Amino acid sequence: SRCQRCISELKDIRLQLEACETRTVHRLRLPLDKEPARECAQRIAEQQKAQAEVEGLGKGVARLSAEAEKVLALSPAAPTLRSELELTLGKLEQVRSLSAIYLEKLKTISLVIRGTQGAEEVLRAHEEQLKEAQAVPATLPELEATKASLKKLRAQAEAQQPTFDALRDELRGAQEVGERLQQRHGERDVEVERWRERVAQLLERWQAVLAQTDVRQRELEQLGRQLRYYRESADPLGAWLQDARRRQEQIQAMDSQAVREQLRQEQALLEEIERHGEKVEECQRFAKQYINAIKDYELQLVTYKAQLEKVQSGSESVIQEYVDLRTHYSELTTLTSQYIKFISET
């Protein structure tokens, strides 16, 4: 009576446990879809409720085990009762193990989901500042401002190292749990691969930010030096041409005694102009180097912005300056040269 009743109750609760088992296996076989954060949270809650359901069944098994042992101590039915008891105890421990490890898997994945989504927003911020700074520095004070913005960026990125180090640890944790689940319950990890690729890709993007900041900072240190070298040569030359052009225009526009002085001042000035032929080629040389640097920095930025996916041309302004200087000097040489000839025949 109590033996037969206990066997029936043992079979029923084992079936209930097996149904909990099959539901858990079908759940853990299901990869996350297009809302990973929300779905994983929902499944953790469901698995917490499933784990409590199994534990409730565990209280039924403990009751049935005590009653069985009372009957067995008193019976041709006893081998069946003992066997059925051992089957139910064995199934309970298996479903308990699976429920706990799967809940563990969901929780560790949840940290990875959160971590990668946080790193994306950090990556988005740094990649946009790099994208944003399109204009090249025109002057020494504008240069120092650009360096400051990159220095800040560099500082912010270095401080995010713990965030990405934690992500690597969080992914590693998830791999270990999945492996134990694979080894103890024979179910492959259907989820972890999605996030290894996600984590691996974010790491590369972060390195490009760090690398591109170091390259870009270094671009401006070389570019800045080239600006200093050119401006130190173009400013004194440009001032000199303005000074000499007004002297020549004054000497040119201004008896036999006077003619000798007019030829004398013009003939002497033409000598002065020739002496500056070296200082012009020097200025042309430095300007070409600075233009090349402005071109190098510009292409650096357009490249990076394209990989992730003008207003005017920076070096074009520098082009115009050399045009004005070479034009004025060739014009100045000619005008003085022709005026010496006009005095010479006179």
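FYI, it's all coordinate maths here, none of it is from the lab. Every residue, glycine among them, receives a Cβ derived from its backbone with ideal geometry; neighbour counts consider all protein chains shown.
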Quiz item: What whole number of Å gives the distance from the Cα centroid of the stretch 210-224 to the Cα centroid of the stretch 38-73?
Solution: 62
Self-check item: Cβ-based exposure ranking for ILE7, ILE113, in which fewest neighbours within 10 Å come first
Solution: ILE7, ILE113
Quiz prompt | Residues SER99, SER75, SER256 arranged by fewest to most Cβ contacts within 10 Å | solution = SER256, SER75, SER99
Exercise. Could you go through the stretch 291-305 in sequence order and give the Karplus-derived ³J(HN,Hα) for each residue, using 6.51 cos²θ - 1.76 cosθ + 1.60 with θ = phi - 60°, rounded to whole Hz, and x for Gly and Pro?
Key: 4, 4, 5, 4, 5, 5, 5, 4, 5, 4, 7, 5, 4, 4, 5
Quiz prompt | In order through the stretch 220-237: 3J(HN,Hα) via Karplus (6.51 cos²θ - 1.76 cosθ + 1.60), integer Hz, x for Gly, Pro | solution = 7, 4, 6, 4, x, 4, 5, 5, 4, 5, 6, 5, 5, 9, 7, 5, x, 5
